[PDB]
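Contents: one structure, followed by commentary.
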Amino acid sequence: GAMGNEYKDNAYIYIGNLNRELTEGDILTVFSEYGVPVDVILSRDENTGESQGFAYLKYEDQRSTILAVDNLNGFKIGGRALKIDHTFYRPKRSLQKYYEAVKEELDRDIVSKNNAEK
Amino acid sequence: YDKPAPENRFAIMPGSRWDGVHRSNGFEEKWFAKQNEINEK
């Protein structure tokens with residue numbers, strides 16, 4: 001599970017087979033109980049837009065994503081079965097405050113326990 | 001004791017944003033309702 005990298009709050013899920021009229025509010029309400037996300041991303045065609053066909057929302061907890069998945073997986077809504085799946089894409093990169101994250105600033109005080117117990 | 005069937009472990013409480021609209025995913029949900037609905041013990 002991405003060993004040596006351990007990504008932070010980067011939990012994202014792919015939502016397909018959704019109603020065209022389905023808006024962000026509807027999506028939030030549906031997933032609201034099943035782990036309401038802090039942000040919703042909707043794909044749009046720059047050529048025309050309007051339609052999406054793809055959408056991704058950020059979950060507060062990566063473990064909570066299991067709920068909506070096993071819950072809305074194959075679930076029928078409006079005559080359409082929802083298709084939930086784990087994503088793999090990363091959000092827009094931002095090199096600013098993350099600068100302070102450079103080097104093991106914390107890391108349990110540079111591994112206080114050191115190498116195993118004395 | 002062997003459980004009758006698998007279910008959700010993390011019981012995350014609902015939020016206001018949920019609007020309070022009906023949202024179901026499994027009939028087993030009846031089990032959770034029964035636990036919450038206890039007037040005899």
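Residue names in the structure tokens use chain letters A, B, ... in the order shown, residue numbers from 1 in each chain, and ligand numbers from 1 in the order shown.
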Exercise for the section: Report as a ChimeraX atom specification the set of chain B residues whose atoms approach chain A to within 10 Å, with distances computed over only C-alpha atoms. Expected result: /B:7-26
Take the residues from that selection and put them in a file with N, CA, C and O atoms, as a compact mmCIF listing (two decimals), in the first residue's frame.
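result-v6.txt, written as the output of this step:
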```
# COMPACT_ATOMS: atom_id res chain seq x y z
N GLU B 7 -21.32 -6.61 8.50
CA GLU B 7 -21.95 -5.29 8.48
C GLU B 7 -20.90 -4.20 8.66
O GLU B 7 -19.71 -4.49 8.79
N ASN B 8 -21.35 -2.95 8.66
CA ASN B 8 -20.44 -1.83 8.82
C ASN B 8 -19.94 -1.74 10.26
O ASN B 8 -20.72 -1.84 11.20
N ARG B 9 -18.62 -1.56 10.42
CA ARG B 9 -18.03 -1.46 11.75
C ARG B 9 -18.02 0.00 12.22
O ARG B 9 -18.48 0.31 13.32
N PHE B 10 -17.47 0.88 11.39
CA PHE B 10 -17.39 2.30 11.72
C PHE B 10 -18.77 2.95 11.61
O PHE B 10 -19.27 3.18 10.51
N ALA B 11 -19.38 3.23 12.76
CA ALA B 11 -20.70 3.85 12.78
C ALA B 11 -20.57 5.37 12.79
O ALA B 11 -20.83 6.01 13.81
N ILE B 12 -20.17 5.93 11.66
CA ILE B 12 -20.01 7.38 11.56
C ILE B 12 -21.38 8.07 11.62
O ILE B 12 -22.28 7.75 10.85
N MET B 13 -21.52 9.00 12.56
CA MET B 13 -22.78 9.71 12.72
C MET B 13 -23.08 10.61 11.51
O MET B 13 -22.17 11.14 10.89
N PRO B 14 -24.35 10.80 11.18
CA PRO B 14 -24.77 11.66 10.03
C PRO B 14 -24.58 13.15 10.32
O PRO B 14 -24.45 13.55 11.48
N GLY B 15 -24.57 13.97 9.27
CA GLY B 15 -24.40 15.42 9.42
C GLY B 15 -25.62 16.17 8.88
O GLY B 15 -26.48 15.59 8.22
N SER B 16 -25.70 17.46 9.18
CA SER B 16 -26.81 18.28 8.73
C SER B 16 -26.86 18.33 7.20
O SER B 16 -27.93 18.34 6.60
N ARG B 17 -25.68 18.35 6.58
CA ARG B 17 -25.60 18.40 5.13
C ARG B 17 -26.39 17.25 4.50
O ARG B 17 -26.83 17.34 3.36
N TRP B 18 -26.56 16.17 5.26
CA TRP B 18 -27.29 15.01 4.76
C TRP B 18 -28.73 15.36 4.41
O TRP B 18 -29.47 14.55 3.84
N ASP B 19 -29.14 16.57 4.75
CA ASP B 19 -30.50 17.02 4.47
C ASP B 19 -31.54 16.16 5.21
O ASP B 19 -32.66 16.60 5.45
N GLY B 20 -31.15 14.94 5.56
CA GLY B 20 -32.05 14.03 6.26
C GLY B 20 -32.87 13.20 5.28
O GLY B 20 -33.89 12.62 5.65
N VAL B 21 -32.42 13.16 4.02
CA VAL B 21 -33.11 12.40 2.99
C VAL B 21 -32.88 10.90 3.18
O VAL B 21 -31.87 10.49 3.74
N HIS B 22 -33.83 10.09 2.72
CA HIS B 22 -33.71 8.64 2.86
C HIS B 22 -32.58 8.09 1.98
O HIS B 22 -32.57 8.30 0.77
N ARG B 23 -31.64 7.38 2.60
CA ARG B 23 -30.51 6.78 1.87
C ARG B 23 -30.24 5.38 2.40
O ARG B 23 -29.77 5.21 3.53
N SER B 24 -30.54 4.37 1.58
CA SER B 24 -30.34 2.97 1.98
C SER B 24 -29.31 2.30 1.08
O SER B 24 -29.09 2.72 -0.05
N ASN B 25 -28.67 1.25 1.60
CA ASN B 25 -27.66 0.53 0.84
C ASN B 25 -27.79 -0.98 1.06
O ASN B 25 -27.31 -1.77 0.26
N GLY B 26 -28.44 -1.36 2.16
CA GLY B 26 -28.63 -2.77 2.47
C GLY B 26 -29.82 -2.97 3.40
O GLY B 26 -30.09 -2.14 4.27
```
Exercise for the section: Name the residues in contact with residue 56 (chain A) at a cut-off of 8 Å, using only C-alpha atoms, excluding same-chain residues fewer than 6 positions from it; report them as number ranges by chain. Expected result: A: 12-15, 40-42
Would you output that residue set with N, CA and C atoms, as a PDB file, in the first residue's frame?
```pdb
ATOM      1  N   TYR A  12      -9.215   9.528  -2.303  1.00  0.00           N
ATOM      2  CA  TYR A  12     -10.105   9.904  -3.407  1.00  0.00           C
ATOM      3  C   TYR A  12     -10.792   8.665  -3.990  1.00  0.00           C
ATOM      4  N   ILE A  13     -12.046   8.831  -4.414  1.00  0.00           N
ATOM      5  CA  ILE A  13     -12.815   7.727  -5.005  1.00  0.00           C
ATOM      6  C   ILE A  13     -13.430   8.156  -6.332  1.00  0.00           C
ATOM      7  N   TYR A  14     -13.531   7.211  -7.263  1.00  0.00           N
ATOM      8  CA  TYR A  14     -14.108   7.485  -8.575  1.00  0.00           C
ATOM      9  C   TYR A  14     -15.596   7.166  -8.563  1.00  0.00           C
ATOM     10  N   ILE A  15     -16.405   8.115  -9.036  1.00  0.00           N
ATOM     11  CA  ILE A  15     -17.854   7.923  -9.079  1.00  0.00           C
ATOM     12  C   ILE A  15     -18.335   7.933 -10.529  1.00  0.00           C
ATOM     13  N   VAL A  40     -15.474  18.511  -3.595  1.00  0.00           N
ATOM     14  CA  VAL A  40     -16.004  17.681  -4.687  1.00  0.00           C
ATOM     15  C   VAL A  40     -15.472  18.187  -6.030  1.00  0.00           C
ATOM     16  N   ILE A  41     -14.868  17.286  -6.807  1.00  0.00           N
ATOM     17  CA  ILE A  41     -14.307  17.648  -8.117  1.00  0.00           C
ATOM     18  C   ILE A  41     -15.132  17.033  -9.242  1.00  0.00           C
ATOM     19  N   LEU A  42     -15.572  17.874 -10.182  1.00  0.00           N
ATOM     20  CA  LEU A  42     -16.376  17.404 -11.321  1.00  0.00           C
ATOM     21  C   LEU A  42     -15.649  17.671 -12.637  1.00  0.00           C
TER      22      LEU A  42
END
```
Handout entry: Exercise: residue 16 (chain A) partners within 7 Å, only C-alpha atoms, chain neighbours under 3 positions left out, as a count of residues only
Key = 5
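Going from CA of residue 37 (chain A) over to CA of residue 57 (chain A), you cover 6.1 Å.
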